[PDB]
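Heads up: the structure comes next, in structure tokens.
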Amino acid sequence: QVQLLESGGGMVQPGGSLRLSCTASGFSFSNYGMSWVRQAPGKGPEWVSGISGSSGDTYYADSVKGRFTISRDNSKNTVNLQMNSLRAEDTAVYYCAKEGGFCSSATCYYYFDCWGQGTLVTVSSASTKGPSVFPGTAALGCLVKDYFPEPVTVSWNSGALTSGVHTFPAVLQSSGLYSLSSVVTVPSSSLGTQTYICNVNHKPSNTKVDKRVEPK
Amino acid sequence: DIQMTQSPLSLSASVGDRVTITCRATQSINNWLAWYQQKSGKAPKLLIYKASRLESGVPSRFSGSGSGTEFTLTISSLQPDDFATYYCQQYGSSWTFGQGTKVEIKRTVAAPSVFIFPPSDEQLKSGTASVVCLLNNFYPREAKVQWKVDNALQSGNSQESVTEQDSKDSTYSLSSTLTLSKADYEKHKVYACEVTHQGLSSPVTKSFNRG
């Protein structure tokens, strides 16, 4: 049973530093070489860092060369990535990978056969903000705007009526806050008959705001 | 310093179809090429390594061909579990990924239903106005949303977001948000979003007066 477990991700300000970890088990850590692969939301994956199993040769991506530092402790079966001077473009989801097949030499290039779950690294001047809920056939919904951080949970009538509901992915604005929407379609004749209340919860701020949708 | 370019960027197909994805390298990488499958919310999974070797447990319908600078991935008979994005990766010199190939679920063309939403009184009382135009359950994914303020088409001041294909009916949904200050919103009366789409014979205009 081969598995990789990440740890260390979180939230930092631009210019700050952060440290990742990855505990491996199930195989012979000393033999296989490791690597760190990240993927920014909305783009393709990119290789970031890489280290051999025993020799100690290390490689870094062009966009991160000189800032990051990859290391491993074969005695404790851990590989760690130190991320100094983090920037906005460094915000991504970071994985640790394992070399596929084998290597006859000491350090070499490879494909990744086993991956970790994935840890999240966010870099922003984090103004912590709570979510703002706003209230023949026509569709209604709730608009959550300007919240930090992710995620927000929206439900209609406490999860009872869920058919025809489409919750949209959030977008990031030049100010640093998020915004999304959750819609649902109903016949306009059910304004006063059917009452729709969206239940927007924000676990980081411990703030739930219910805004009843009444006929306007 | 080798750059990997996949072709096609996106392709919509049906179960049973033959699907071929191309992957090109800048410099010659002999046969050090891998392919991965990723589903939304899941880790990537290895499909093929060393250009032509199948990863254990991958179905027999996946195969791979090529050497040098040109490579292909072929799915002999596409299955429901196979709708996903596919990436190639070279490891002949360092490690670089292709840009991704999206396999969209094929379905019949569907016109969006269009709705416009004024900013709410609760929002206005706070100093910002967001006007929303919704395009509901459409196909294909390619769609144009245009914002008109006093019938003046807007550009540069909107952002959009689109969902993946619905797992029940294979449609898409799309959000577009126009953000203006409360002041600028109150200087004008007529707000209109006009939608052109391949499912619509002609542009649909939906419109209100702020009152």
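Could you tell me what % of all Cα pairs in the range B:170-211 have separations over 17 Å?
Cα-Cα pairs in the range B:170-211 separated by more than 17 Å: 49 percent.
Starting from the alpha-carbon convex hull of the protein assembly as shown, give the projected area averaged over all orientations, in nm².
Projected area, direction-averaged: 23.2 nm².
In units of 2.2 N^0.38 Å, what is the alpha-carbon radius of gyration of the range A:1-93?
For the range A:1-93, the normalised Cα radius of gyration is 1.08.
With each pseudo-label sitting 7 Å past Cα toward Cβ, what's the A:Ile197-B:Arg210 distance in nm, one decimal?
3.2 nm
Given labels modelled 7 Å from the Cα in the Cβ direction, how far is it in nm from B:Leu124 to B:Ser65?
For the pair B:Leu124/B:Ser65, the computed spacing is 6.4 nm.
Using just the C-alpha positions of chain B as equal point scatterers, what log10 of I(q)/I(0) does the Debye formula give at each q in 0.14, 0.19 1/Å?
The Cα Debye sum returns log10 ratios of -0.87, -1.20.
Just name one of B:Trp32, B:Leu54, B:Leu78: the one whose Cα is farthest towards the positive end of the charge dipole of the range B:1-107 (beta-carbon charges, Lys/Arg +1, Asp/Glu -1).
B:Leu78
Please report, in cubic angstrom per residue, the volume enclosed by the convex hull of the alpha-carbon atoms of the range B:109-210.
100 Å³
Per-residue Cβ counts within 10 Å, from other chains only, averaged over A:110-117: what number is that?
6
P(r) for the range B:1-107: what percent of alpha-carbon pairs falls in each 10 Å bin, starting at zero?
Over the range B:1-107, the share of Cα pairs per 10 Å bin runs 16, 51, 29, 4, 0 percent.
Using only alpha-carbon positions, what ratio does the radius of gyration of the range A:114-213 give when scaled by 2.2 N^0.38 Å?
Rg over 2.2 N^0.38 Å, computed on Cα atoms: 1.24.
With +1 on each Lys and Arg Cβ and -1 on each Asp and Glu Cβ, how big is the dipole of chain B about its Cα centre, in debye rounded to the nearest 20?
Using only the charged Cβ atoms, the result is roughly 140 debye.
Taking a ≥ b ≥ c as the square roots of the Cα gyration tensor eigenvalues, with a/c under 1.5 meaning rounded and otherwise prolate when a/b beats b/c, else oblate, which class fits the range A:9-48?
Oblate shape, in that a/c is at least 1.5 and b/c is the bigger or equal ratio.
I want to verify the translational diffusion coefficient of the range A:1-156 in µm²/s; compute it with Stokes-Einstein, Rh as the Kirkwood radius over Cα pairs, at 37 °C and 0.692 mPa s.
Rounded to a whole number, D works out at 188 µm²/s.
When DSSP assigns beta bridges and you keep just the ones with both residues in the range A:1-125, what percent turn out antiparallel, to the nearest 5?
Counting DSSP beta bridges with both partners in the range A:1-125, the antiparallel share is about 90 percent.
Averaged over B:84-97, how many beta carbons belonging to a partner chain fall within 10 Å of each residue's beta carbon?
Mean shielding count: 4.
So basically every Cβ, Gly included, is an ideal-geometry build from the backbone, and we count neighbours across all protein chains shown. Read-outs: derived from the displayed coordinates by stated rules, not from any lab.
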